[PDB]
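Taking it in order: structure first as structure tokens, then the write-up.
All of this is worked out from the model, or read from it or from the source named; none is laboratory data. All Cβ positions, even for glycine, are placed from backbone atoms using ideal geometry, and neighbour counts span all protein chains on display.
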Amino acid sequence: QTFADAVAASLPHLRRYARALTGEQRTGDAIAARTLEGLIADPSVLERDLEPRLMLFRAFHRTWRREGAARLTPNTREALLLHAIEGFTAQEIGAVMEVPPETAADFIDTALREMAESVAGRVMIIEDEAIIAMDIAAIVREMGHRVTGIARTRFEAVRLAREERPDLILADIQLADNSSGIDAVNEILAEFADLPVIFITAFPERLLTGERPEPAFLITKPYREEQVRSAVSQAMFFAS
């Protein structure tokens, strides 16, 4: 319908959002696929109501409220991620979660306030460009976390992981829009499989095809401070 196609064109965006809320690729992709299946199986109705992307995210949230699969206040990490990775406003965030825009702002504020109360953890960065590594590290330290080290190659990473085993890996392998550095991602995911692994990339859609083993957390390049904080804070929740 070009519309029904526009909804399937936002499926990788939902895979990213679902992977972050569940902390796993397998679980995130499964829920993201079942959301599109149900939207397709529905005959018309409730459309035109929303823009194609927002409607798919809204369909996700309707099921998210029934069942997931406490410490953090519910609805807050959801609104924060929608704000950080998708750039949604409080008004679009209110439409997706079916709350007033002022209430959606309260979700983001409470999320940002609990991030200030988070317990410290250890992060290792894999990064070649020095100036990026030092800016990323400065953010992680202002967050209250400790930077184990900066491995300039994925060869170095196994060394620094032995000396001090972090609880989180930040990786930027200077990937491109090619499919060449596909085995490099699989290697780093397999090495640190028991750790949450965030990948910095300028082409997130390439890592959002539920075909290969892919990360559950992503930092879009060029990065924004807020989206780096959201990624690390979300990943340093499934850390041990």
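From the list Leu81, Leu21, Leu39, the lone residue that is of a type outside the set (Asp, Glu) and farther than 20 Å from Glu226 by Cβ is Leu39.
Just one of (1) surrounded by fewer than 19 Cβ atoms within 10 Å (Cβ to Cβ); (2) closer than 17 Å to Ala84 by Cβ fails for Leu170. It is (1). The helices (runs of 4 or more DSSP H) located wholly in the stretch 45-159 that include 2 or more residues which are charged (D, E, K, R) and farther than 30 Å from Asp172 by Cβ occupy 52-64, 101-115. Checking each residue in the stretch 169-183 for being on the phi < 0 side of the Ramachandran plot and part of a loop (DSSP other than H, G, I, E, B) picks out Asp172, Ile173, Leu175, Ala176, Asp177, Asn178, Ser180, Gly181.
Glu92 passes every criterion in (1) closer than 23 Å to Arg15 by Cα; (2) among the acidic types (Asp, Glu); (3) in the same structural domain as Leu207 (by TED's automatic domain parsing) apart from (3).
May I ask you to verify whether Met134 is closer than 22 Å to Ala235 by Cα and either assigned by TED's automatic domain parsing to the domain that holds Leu80 or under 20 Å from the mean Cα position of the chain (by Cα) (or both)?
no
Could we say that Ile198 is aliphatic (A, V, I, L, M), more than 22 Å from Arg19 (Cα to Cα) and in contact with a helix residue (DSSP H, G or I) (Cβ under 7 Å, 6 or more places away or on another chain) here? Judged against the criteria, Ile198 is not a match.
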